[PDB]
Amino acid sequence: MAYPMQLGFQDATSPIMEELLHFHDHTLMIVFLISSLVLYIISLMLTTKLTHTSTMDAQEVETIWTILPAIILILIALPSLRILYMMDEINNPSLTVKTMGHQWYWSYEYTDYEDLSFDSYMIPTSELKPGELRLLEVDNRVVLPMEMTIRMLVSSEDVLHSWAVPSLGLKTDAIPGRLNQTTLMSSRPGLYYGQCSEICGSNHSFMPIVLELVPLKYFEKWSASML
């Protein structure tokens, strides 16, 4: 989750997300390069009494200002695409979980063996235990085994919503009559938070996601207990 006065991304909890952080550093490095450059030249142009106001030749310089950006663009796209085909690449998952959007809560299904499902609702602020986070807590967290590939299937039973967990690099729209696949892996145990990311009405702001990442052992016992 975010902490006060944060500037960049939440720390990576997954490989893919770690990968995007470095990619963004790459890109942001280029952004500073280009904008400082433009800044410098703007002020170079504005700080001399010397003039030259008759006509100038276009040809020579237009090349430089076409070829450079094209190079830069290729340095950006190359790694960008690699990462995209990677967020897709052949998975071998140990588990499938479904999540279904509703106005305004999420429900979850774990139907590989048993028929387990439950609803996850935000904890009202009047009912937070001390230490708990405003608008982020849920009564029922999504207990997943850490350190394993999981297939998340996302969809909706009503309007559009969007299921996101920023520190995992996850965002997938929930569309009625449609089953969207994303792939999830945590490197660490813990509690990781997200929030509905497609305007779904008047309580858009209040249907958070909370994953509880724990070892297989615990995860099994927990699921048997939720039947």
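Start at 1 with the first residue shown and count on from there. By rigid core we mean the largest C-alpha set that fits within 1.5 Å across both forms.
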In 4 other deposited structures of this protein, superposed on the rigid core, which stretch sits farther off in Cα RMS terms, 188-196 or 53-61?
53-61
Going by the B-factors listed in the PDB entry, is the mean over the C-alpha atoms higher for 57-65 or for 34-42?
57-65
Tell me which of 193-201 and 48-56 has the higher mean C-alpha B-factor in the deposited entry.
48-56
So where's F23 on the chain's Cα temperature factor ranking, which third?
middle
Among modelled residues of the same chain, the CA temperature factor third for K129:
highest
If you rank every modelled residue in this chain by C-alpha B factor, which third holds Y113: lowest, middle or highest?
highest
Please rank the C-alpha B-factors of the chain's modelled residues and tell me whether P79 sits in the lowest, middle or highest third.
middle
Taking the values exactly as deposited, rank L7 by C-alpha B-factor within its chain and report the matching third: lowest, middle or highest.
lowest
